[PDB]
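Values quoted throughout were computed directly from the atomic coordinates according to the rules given, and no laboratory measurement underlies them. Note that we place each Cβ from the backbone using ideal geometry, even for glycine, and neighbour counts take in every protein chain shown.
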Amino acid sequence: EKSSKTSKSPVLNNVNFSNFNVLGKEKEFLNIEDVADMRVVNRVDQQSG
RNA sequence: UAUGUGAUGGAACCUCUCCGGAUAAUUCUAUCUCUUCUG
């Protein structure tokens, strides 16, 4: 397709991949802290623990 | 809610250090209570 030099918006896509959304929750807002949990996770030297 | 000839992020241990310890005989004698009416 050599789509170089063409940023493109309506130009042809022989194969295009759409976005993926959660089934059954297309219109459901909530908040970030209501579904997700936050941890830190660290890196250890393994020479001195 | 991406934009398309190129995503090892499974590509990273919240790890390391610190006596729930210290002191104490389950023992034993002095009152308690305020208004009485001329005495």
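With unit charges on the beta carbons (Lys and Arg positive, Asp and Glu negative) and the dipole taken about the Cα centre of chain A, which residue among A:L23, A:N42, A:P10 sits farthest to the positive side?
Ranked along the dipole, the leading option is A:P10.
Note the per residue figure in Å³ for the convex hull of the C-alpha positions in chain A.
Spelled out: Cα convex hull of chain A, divided by residues, is 268 Å³.
Please get the size of the charge dipole for chain A, origin at its Cα centre, with Cβ charges of +1 on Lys and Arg and -1 on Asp and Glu, quoted in debye to the nearest 20.
In total the dipole reaches around 420 debye.
Output the peptides A:36-49, A:1-14 sorted from most to least packed, where packing is the average of other Cβ atoms within 10 Å over each peptide's residues.
A:1-14, A:36-49
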